[PDB]
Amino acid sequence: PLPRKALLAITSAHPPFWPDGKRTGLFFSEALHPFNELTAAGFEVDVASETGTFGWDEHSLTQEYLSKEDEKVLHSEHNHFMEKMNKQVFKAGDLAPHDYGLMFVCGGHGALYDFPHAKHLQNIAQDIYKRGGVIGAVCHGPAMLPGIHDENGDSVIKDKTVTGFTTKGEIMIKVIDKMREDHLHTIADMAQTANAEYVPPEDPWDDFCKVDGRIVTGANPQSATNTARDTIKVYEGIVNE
């Protein structure tokens, strides 16, 4: 039986990144919204990064990217989400992978730096998938997926339809130059190299999710809630087999 316990995977990278000089990192709403959905569906949640540490993407902490509810959580000390983020983030390699029935992979541009080679997080996900569980991933989160393998050593997304942050969006927000400077690949190029089929939303910020078997992906911060919801729907079907 797949445990009703989720691993919320977060980037450990937070370098200066944006054109105004601000750091990237974990996208705030992309951790909070899935945490809320998982909690509402009765999951226990552990948070982990490859190192055990993280920083928030600085743009994700601005009004442009925070709802009224988001900001209240951010500035609240006693809140269960913030207590977990402040005091309970694990180094991924310490955790026993068999404890989880689902992984949810958060985004933020930091994910481009560490997720492709985040072998401890990838090991947890491979184990979940092998036991028949579910992996959801939003925005830049899908950068982890090429390194999560099936029994044959192929990516779990081989021949699957996936979405994720558009190359159009990287150009529009003017981070494509920095990505090339740091030798980062776009989500679409990572998906193609893994032999997946990348599908962008009609416009770069549309709520847009793809479900293909037990791999669920979302395109951007506006897709996070529904990516988590779709991931939970897939899980519920498996445990009711």
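When you see a residue number, it is the position in the sequence shown, counting from 1.
The PDB entry records a higher mean C-alpha B factor for 148 to 156 than for its counterpart among 148 to 156 and 165 to 173. Mean CA B-factor, 224 to 232 versus 21 to 29: the higher value falls on 21 to 29. Highest C-alpha temperature factor among 37, 181, 212, 46, as the PDB entry reports it: 181. Split the chain's modelled residues into thirds by C-alpha temperature factor. Residue 196 is in the middle one. Split the chain's modelled residues into thirds by C-alpha temperature factor. Residue 61 is in the highest one. Residue 118 sits in the middle third of its chain by CA B factor, as recorded in the PDB entry. Ranked against the other modelled residues of its chain, the C-alpha B-factor of residue 96 as given in the entry falls in the middle third.
Split the chain's modelled residues into thirds by C-alpha temperature factor. Residue 74 is in the highest one.
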